[PDB]
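What the coordinates show
If you want the building blocks of each chain, they are given just below.
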Amino acid sequence: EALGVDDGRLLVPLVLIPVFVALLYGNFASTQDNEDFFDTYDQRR
Amino acid sequence: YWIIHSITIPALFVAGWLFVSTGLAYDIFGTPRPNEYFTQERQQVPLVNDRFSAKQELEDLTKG
Amino acid sequence: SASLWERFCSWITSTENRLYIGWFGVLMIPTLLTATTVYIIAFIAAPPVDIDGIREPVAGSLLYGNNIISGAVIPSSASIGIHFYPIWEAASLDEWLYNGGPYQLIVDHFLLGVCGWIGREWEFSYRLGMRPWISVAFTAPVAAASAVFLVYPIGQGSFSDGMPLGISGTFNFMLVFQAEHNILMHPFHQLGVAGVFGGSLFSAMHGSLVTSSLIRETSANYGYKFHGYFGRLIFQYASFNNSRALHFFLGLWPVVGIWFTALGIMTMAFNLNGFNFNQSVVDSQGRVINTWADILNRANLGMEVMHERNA
Amino acid sequence: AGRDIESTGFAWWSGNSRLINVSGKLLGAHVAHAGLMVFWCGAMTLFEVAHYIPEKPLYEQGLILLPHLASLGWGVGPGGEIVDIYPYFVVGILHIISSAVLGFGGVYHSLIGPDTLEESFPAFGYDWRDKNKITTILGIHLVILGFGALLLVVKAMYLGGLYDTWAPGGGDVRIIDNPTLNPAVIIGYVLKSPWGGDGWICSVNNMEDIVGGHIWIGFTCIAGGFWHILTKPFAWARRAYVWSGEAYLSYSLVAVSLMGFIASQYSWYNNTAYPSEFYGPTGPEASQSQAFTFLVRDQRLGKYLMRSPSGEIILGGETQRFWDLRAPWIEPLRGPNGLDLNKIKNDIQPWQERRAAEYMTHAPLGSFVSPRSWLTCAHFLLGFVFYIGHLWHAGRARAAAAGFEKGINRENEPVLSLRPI
Amino acid sequence: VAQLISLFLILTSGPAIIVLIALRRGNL
Amino acid sequence: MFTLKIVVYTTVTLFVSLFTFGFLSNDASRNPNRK
Amino acid sequence: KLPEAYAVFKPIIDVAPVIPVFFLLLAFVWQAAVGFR
Amino acid sequence: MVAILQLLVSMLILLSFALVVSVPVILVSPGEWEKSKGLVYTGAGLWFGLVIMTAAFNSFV
Amino acid sequence: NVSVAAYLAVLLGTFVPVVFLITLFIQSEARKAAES
Amino acid sequence: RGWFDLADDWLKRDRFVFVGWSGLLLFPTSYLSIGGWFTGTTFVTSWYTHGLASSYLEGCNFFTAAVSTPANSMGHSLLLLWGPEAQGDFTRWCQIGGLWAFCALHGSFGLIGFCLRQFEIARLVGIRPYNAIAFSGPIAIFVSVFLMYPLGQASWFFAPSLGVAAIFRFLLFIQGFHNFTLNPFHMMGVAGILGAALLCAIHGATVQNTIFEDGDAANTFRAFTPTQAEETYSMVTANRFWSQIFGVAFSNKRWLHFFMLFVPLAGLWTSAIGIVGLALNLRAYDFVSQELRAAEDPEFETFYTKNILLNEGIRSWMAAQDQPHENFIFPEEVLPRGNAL
Ligand code: CLA
Ligand code: CLA
Ligand code: CLA
Ligand SMILES: CC1=CCCC(C)(C)[C@H]1/C=C/C(C)=C/C=C/C(C)=C/C=C/C=C(C)/C=C/C=C(C)/C=C/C1=C(C)CCCC1(C)C
Ligand SMILES: CC1=CCCC(C)(C)[C@H]1/C=C/C(C)=C/C=C/C(C)=C/C=C/C=C(C)/C=C/C=C(C)/C=C/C1=C(C)CCCC1(C)C
Ligand SMILES: CC1=CCCC(C)(C)[C@H]1/C=C/C(C)=C/C=C/C(C)=C/C=C/C=C(C)/C=C/C=C(C)/C=C/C1=C(C)CCCC1(C)C
Ligand SMILES: [Cl-]
Ligand SMILES: [Cl-]
Ligand SMILES: [Fe+2]
Ligand SMILES: [Mn+2]
Ligand SMILES: [Mn+2]
């Protein structure tokens, strides 16, 4: 019932796809200045 | 002026009140009172049937 | 730029694509396209749907004998209720089609798409550096659509009570809603009627005043390159000297009206019906003297006695 | 001056927007509004006690706070009957008296108190951009909320328990001895489907699950409060959120909008945290009770039954759409297959018939405005308007961070730099 | 009558504060 | 029915993840007034 | 009904729930007196 | 035992009304709160004392 | 059981105004291209 | 100068309320129409025409009070106070519904006077008269609904009565007896009204959200001065926005405002054409093919057939009390019902 997952195989897409895309985001996040900014939003990008 | 209004406006309001409380509105506009919607002979809804005898028909209906 | 994900972000959120995608467009486009194609396919070929749930299907497709006016995507079966009914939760594709599953598919994907459209309007307003409250204006038709498609079935307990995706189905929804709830006497539908009538009046007035006072630079439209009259038509005090305030009022009035009518639909979904002035006048003897509300109630009763179609 | 459009740029109808950058007056405004809320609670409780007719049930008198107090177990005996209204009077008096203290605090911190706090009380001042201080305040109030949830838990398990509709032979005030602390049940409730037949968190149907979930919520809130006090937002969180008062306001607005929708659905559907002896039956409950009463009057002196889409035996008719209803007066008559005809014939009780008849008489959906209807409509409307407020304040927070909330710069309009499409 | 009198006193108490502040010429 | 469900779950998860991580990629900096 | 001792103060209890609305109105009154500055 | 409680809570209502009228006026007004600071303290203390006494006399009723 | 001229009316009342508009637009574009 | 010249000079004086030559027709007719409506909704009953109570004096509220149409015995009579129906008797004139005719006629002449007022004031300010052409929409609505429809019907009785609940009754009555929702001209009218509301909201939001930063205050209503030669909002930014959000956008402000004028006017005129068609019972009530399909196939049902059944129920269950002059008596057996089907 949780997330409508009645077959374990459904969890493979649910976890692998968010991880893989996070992996693409990890590279954006690592190429950034992650020092604190003291402002409303971070203009460094 | 204000003084004038202080007399005219309340007098006019009282006149408007008395136009209803004394029953003159029913007589002037033909509006039936709550006790004269249905007569003893006519227990149905009164409706005009002819346009050229409407005055006489209403006189007959509202006579009682 | 420095990352594949950065390049992808700089293309999803680019202001150079003929039509902005944006992040909300990442959810909006698939849902809207899915709902659009499913609606088209259902409007042409869908099988008849047993909307009442008593094994008498209702046809709403062009191939089963409907025209553009009478064609509709029939709401889901009353046996389904408000149960989630995707394709994979039906035993067969035939039974899915028989119980009005495409209606649920279209409704859900369309609501997701209009939420994405609100977000995408905000997103492109932010990308262009303009003010973001066009989406606040667009919330009102979205609220009305969600009230007639989602909130009312939730309150009533069945998607069969939702508005059919058609013209004659829409008219049937309006008539049944007026019978069951007396929406005409509901003050929020009155506010919505005032909103739409005022919107039409104000659009016509603003167009007339701008077109009337066009400066001679010339069709007169080529004169453009990409208050005294109004204050004399009525008394001088009633006039919008400030153009920004006038346009704020123009935006505000119909949006507030549609918000109120959507709220009225939502309240009547939980049986907060309209005003009831029936039998409000009696004579001395106690007989009821009918009013126009009594005639309205007679019409509502005439509609209601042929909706049950059962005990 | 700071109290006019000349020195602030905000008109009178947006005048509280002048309170964004002054902390003491903002704190006073919030404390004054809290005092208003507590005053309304106490005054409305006193109003409802003052209009309470003993013979009529709670739901037939247009009362909404007395059912809330009765669900907690105060002044209610077996079967949902109300014994005395004195604890309700005490609750109203306590709220309406604490309202005076809160109102005095709000007036003091608004009018005569310092406009800004950081220059005189550095422990309370903030900038709306110091992420550590804002997270510290968030953590402190999280600890407060967790302690409130644990206070509800203590009331449930130690101080008199809570009313349970699922007690045998009608509801009763019961001590919740063993709440459900198993994480699987709570996670399944949180991750359940929200559609018909599942209901997500609205479908919690026993008091043990409620108490266990509130235990988990209280301890989780305490842990998260200590976390946010002792930590700073991470790099992914810092670059994703706007750090200003209006942005935090918009976040709170969308949160309370979702909460209002959830509460409206709770009042409309749930009959466990909202007992039907106090709030009246739900619409599905009323329809199923009418069908069950007709079935009983058919058995005394089959018609009235059909099969569900999954094959189970359910009540027939226009009610078929409400076969997912679970009510205390109908559970003993339901077996693994569905409702059992012989069990209804033999194992039926008079109190179940009385409950069914009295719920048939008063129907929200129609067989009298149900208090469930008022609560659901009011909080659904509030959720919608607060979603609108969240959208407005979030858009304006984004525009103000970037610097274009006052209009486009004629000197450098962005569109003019973009090539035409 | 008691309800009306209490309502009148409560409704007076609000603007009375503003009137007294104006008379004393305080921060209104 | 399972294969359609797994395809739909894959597609929905992909699009939702793209949305979530796109709005996490410093979206506020993507404005014309940013330096 | 109210406890019998306090039953005399019912007319206050019957007006108290609507007090916050007046507060809103009171705010407007202050903005009126201040001249909507 | 009941008339005493009714008189006490009526006095509490009167004192609450007086404090509501006076305290914002005393605090906001530049003239007051210097020659009449202790009046606010005495009024608030009397209000809390009246609340405590009403709570006490409620038990005997 | 639909009508027959019905099809004739629908098709012609769609085409006659469409080809008129297309002809007018093509004429205007021809003038623009010739002058430019 | 000449009397006319002096009277023209006096009528054209810049006073608080422009009078003008058109005022001589507008002010008395409009004043009498409004006063007659108030008098009818306050004192005059409908007991002898419709069998109903429609006055504050009878106990009605704002919603249920109306100036009801004349009795079906009157026909399309002008119902002059001195006419043969009333013969100078004010009471009988009010009882037969003559006040409705008074209000309708003096209100039509008031609408004509207001249109002439718009024309006159436009000729004095020196602007094109695109008002009094926009107002032709409401004029056509009033003429088609309150004048042409009863004239095409049996009498003034079937015209809308001047009231809220009366207007709602008229809506349901027309739906039941004509299926006016199915009328394509009414569909075009609905499209025009909804599109006009859409245009008003979207144009207001677009202008408010594309303003130039012409002030240092957060509230931007002060940054607009009354005599502003420059534009107060960016048309280019608004164009780009909608070009890339909706796929198409306005580029000409003139055209945009003419379109915002044109949509409600066209909708109202199409709805007026539909109501004129209804006046002679020439209605798009039914589709013959669908009726034939339903007659030879009991298992064939669409929402159109359900609408037909709903209209039949409306007619049957409202005929007895909505048309008391016909003396309709329908037994319960012949009254349509869902179970009866
Ligand atoms: C519940 C809602 C609420 C709250 C808590 C506040 C609170 C505040 N507002 Mg806001 N405001 C509100 C609604 C609210 N307002 C609304 C609805 C409007 C639109 C009309 C405004 C418009 C507005 C403007 C335009 C401004 C404020 C300002 C302020 C602050 C100071 C006001 C001042 O100078 O008082 C002066 C008022 C008086 C001296 C008269 C009232 C005296 C008191 C408060 C009456 C209280 C009665 C109560 C019973 C007393 C209890 C006593 C106690 C011992 C029990 C304060 C923080 C100002 C500010 O600080 O900006 C920087 C400002 O400029 N507000
Ligand atoms: C009102 C309470 C509150 C508030 C405002 C915050 C606010 C914040 N927290 Mg804190 N936190 C809280 C309570 C709160 N927290 C509690 C109770 C806990 C204990 C579990 C934590 C533990 C915690 C950690 C460990 C971290 C934060 C972090 C953060 C920051 C970013 C959070 C974010 O992006 O969400 C992201 C939200 C999601 C990814 C969604 C997760 C949803 C889960 C799977 C449940 C799903 C429920 C349901 C299916 C969907 C919602 C439906 C809805 C209707 C309920 C932000 C400052 C982060 C940070 O930067 O601080 C250092 C961080 O690392 N928080
Ligand atoms: C906790 C919730 C919350 C908070 C703290 C704020 C705070 C703020 N908002 Mg936001 N807002 C919210 C919810 C919230 N809002 C919601 C839910 C909506 C959607 C309706 C909005 C819509 C909104 C807009 C559109 C605007 C703000 C603005 C503001 C600012 C000034 C508010 C002001 O001066 O009020 C002044 C108060 C009034 C003028 C009184 C209004 C009275 C309403 C219309 C009556 C409603 C019916 C009433 C409750 C019934 C009582 C009956 C009585 C009349 C007899 C301030 C930062 C303004 C701003 O400056 O932006 C930064 C602004 O333009 N807000
Ligand atoms: C004991 C007893 C027995 C039974 C009977 C009984 C009498 C009922 C009971 C009594 C109980 C008693 C005695 C209860 C005591 C009750 C009292 C006196 C409650 C008063 C609370 C004051 C509040 C909420 C004011 C907050 C100020 C605000 C919101 C101002 C805001 C403003 C700001 C800041 C600035 C301007 C804008 C505005 C909005 C104007
Ligand atoms: C219950 C309780 C417990 C026991 C003790 C106790 C003290 C006795 C009591 C507490 C009582 C309390 C807390 C009492 C506090 C009561 C209050 C705050 C009363 C405020 C009244 C203000 C009103 C009615 C303003 C009306 C203005 C209007 C209508 C017009 C406004 C207009 C203006 C000018 C500007 C233009 C706009 C509009 C809006 C048109
Ligand atoms: C509270 C409320 C809430 C919402 C806002 C709100 C709407 C503003 C407000 C309402 C307030 C209210 C209730 C406002 C209501 C105000 C009222 C009732 C105004 C009544 C005016 C009556 C007139 C002009 C009659 C004139 C008679 C004439 C011309 C006679 C004509 C004659 C006839 C009959 C025919 C024969 C000839 C002659 C002799 C010519
Ligand atoms: Cl039934
Ligand atoms: Cl139907
Ligand atoms: Fe414009
Ligand atoms: Mn229904
Ligand atoms: Mn029905």
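Residues numbered from 1 in each chain as written, not as in the entry; some residues may be left out. Chains lettered and ligands numbered in written order. Part of a larger assembly, values for the part shown. Heavy atoms only, no water.

This deposited entry lists cryo-EM as its structure determination method and 2.17 Å as its resolution.

Take the overall build of chain A next. Helices and strands together make up the secondary structure of chain A, namely one helix and zero strands. The dimensions of chain A, computed from C-alpha atoms along their principal axes, are 45 × 20 × 10 Å. Considering chain A as a whole, with its 45 residues, one finds that 31% of them fall into the buried category. Working note: accessible area of chain A is about 2,700 Å², and carbon and sulfur atoms make up 61% of it. (Helix = DSSP H or I, 4+ residues; strand = E, 2+ residues; numbered from the N terminus. Buried < 20%, exposed > 50% of the residue type's maximum accessible area, 1.4 Å probe, protein only. Areas by Shrake-Rupley, 256 points an atom, 1.4 Å probe, with all protein chains shown as cover.)

This next bit is on the site of ligand 6. All names here are of chain J. Contacts to ligand 6 come from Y31, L32, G35, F38, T39, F90, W93, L99 and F102. When isolated, ligand 6 has an accessible area of 950 Å², and the protein chains bury 34% of it. Residue contributions to the shell around ligand 6 peak at five residues, all from helix α2 (residues 20–42). Among the residues making up the shell around ligand 6, the classes are represented as seven nonpolar, two polar and no charged. (Near = heavy atom within 4 Å. Nonpolar A, V, L, I, M, F, W, Y, C, P; charged D, E, K, R; others polar.)

Attention now moves to the coordination of the magnesium atom of ligand 2. With respect to protein ligation, the magnesium atom of ligand 2 binds only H228 of chain D (NE2), at 1.9 Å. Topologically, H228 of chain D is positioned in helix α7 (residues 207–230). (Donors = N, O, S within 2.8 Å, 3.2 Å for Na, K, Ca; no water.)

Contacts between the two partners involve six residues from chain C and, on the opposite side, eight residues from chain A. On the chain C side of the contact with chain A, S3, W5 and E6 of chain C bury the most area, a combined 70% of that side's loss. Linking chain C to chain A there are zero residue pairs in polar contact. Looking at the side of chain C that touches chain A residue by residue, the class counts come to three nonpolar, one polar and two charged. (Contact = heavy atoms within 4.5 Å. Buried area = accessible area lost by both parts, 1.4 Å probe. Polar contact = N/O pair within 3.5 Å; in protein donor to acceptor, adjacent residues only side chain to side chain.)

Below, the discussion takes up the coordination of the manganese ion (ligand 10). The protein atoms that coordinate the manganese ion (ligand 10) are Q156 of chain C (OE1) and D161 of chain C (OD), at distances spanning 2.5 to 2.7 Å. Residue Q156 of chain C shares its accessibility class with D161 of chain C, and that shared class is buried.

Count 3.6 residues to each turn of an α-helix, and residues three or four apart come out pointing the same way. In this model helix α1 (residues 2–24) of chain E runs 32 Å from its N-terminal to its C-terminal C-alpha over 23 residues, within 8% of the 33 Å that 1.5 Å per residue would give. At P15 of chain E, α1 of chain E shows its largest bend, some 30°. Those residues of α1 of chain E not exposed but buried are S6, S13, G14, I17, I18 and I21 of chain E. Summarising the contacts, the buried residues of α1 of chain E are in contact with α1 (10–13) and α2 (19–33) of chain G together with α1 (2–28) of chain H. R25 of chain E occupies a position one or two residues after α1 of chain E and carries a positive phi of about 60°. (Expected span 1.5 Å × (residues − 1). Bend = angle between axes of the 7 residues up to and from the residue.)

All names here are of chain J. Orientation of helix α1 (residues 3–11) relative to α2, taken along the N-to-C sense of each, is 75°, at an axis distance of 8 Å. With respect to their mutual orientation, α1 and α2 come out roughly perpendicular. Together, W3, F4, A7, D8 and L11 of α1 and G20, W21 and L24 of α2 make up the contact between the two elements. Tallied by class, residues from the contact of α1 with α2 come to six nonpolar, one polar and one charged. (Axes fitted to C-alpha atoms, helices over the stretch in contact; angles between N-to-C directions. Parallel < 35°, antiparallel > 145°, perpendicular 65-115°, else oblique.)

As a further point, take the packing of helix α7 (residues 187–212) of chain C against helix α9 (residues 243–269) of chain C. Residues and elements named next belong to chain C. Here α7 crosses α9 at 155°, and the two axes come no closer than 7 Å. As the angle between them shows, α7 and α9 are arranged roughly antiparallel. Once α7 is placed against α9, the crossing between them reads as left-handed. Across the interface between the two elements, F188, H189, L191, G192, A194, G195, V196, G198, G199, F202 and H206 of α7 pack against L246, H247, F249, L250, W253, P254, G257, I258, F260, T261, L263 and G264 of α9. Looking at the contact of α7 with α9, its residues break down into 13 nonpolar, 10 polar and no charged. (Left-handed = near helix turned anticlockwise from the far one by under 90°.)

Where 17 pairs of chains are in contact, the pair with the most contacts is made of chains C and J. Nothing in chain B touches chain F, and the closest approach of their C-alpha atoms is 61 Å. These two, chain C and chain I, are apart from each other, with no contact and a minimum C-alpha gap of 10 Å.

Time to look at the site of ligand 3. Among the 17 residues in the neighbourhood of ligand 3, the closest are listed as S14, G15, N16, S17 and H393 of chain D. In this structure ligand 3 sits where residues from chains D and G come together. At 3.1 Å, a backbone N or O of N16 of chain D approaches an oxygen atom of ligand 3. Between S17 of chain D and ligand 3, the recorded distance is 2.6 Å, taken from a side-chain N or O atom to an oxygen atom. Secondary structure elements with two or more residues in the shell around ligand 3: α9 (245–269) and α14 (371–402) of chain D together with α2 of chain G. The element that contributes the greatest number of residues to the shell around ligand 3 is α14 of chain D, accounting for six residues. Counted by class, the shell around ligand 3 contains nine nonpolar, six polar and two charged residues.

Relative to the elements of secondary structure, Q118 of chain J occurs in helix α4 (residues 98–125). Once residues within four sequence positions are removed from consideration, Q118 of chain J is found in contact with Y229 and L233 of chain C together with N131, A132 and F135 of chain J.

What follows deals with the interface of chain C and chain J. Of the residues lining the interface, 105 residues belong to chain C; the matching set on chain J comes to 110 residues. For the pair chain C and chain J, the summed buried surface comes to about 9,800 Å²; carbon and sulfur atoms form 67% of the total. Among the residues chain C hides against chain J, the three largest losses belong to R244, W292 and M306 of chain C. Together they make up 11% of the total. For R240 of chain J, the salt bridge is made with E16 of chain C, and the minimal N-O distance between the two is 3.0 Å. For the pair chain C and chain J, the number of links is 42 residue pairs in polar contact. (Salt bridge = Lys/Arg side-chain N within 4 Å of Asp/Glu carboxyl O.)

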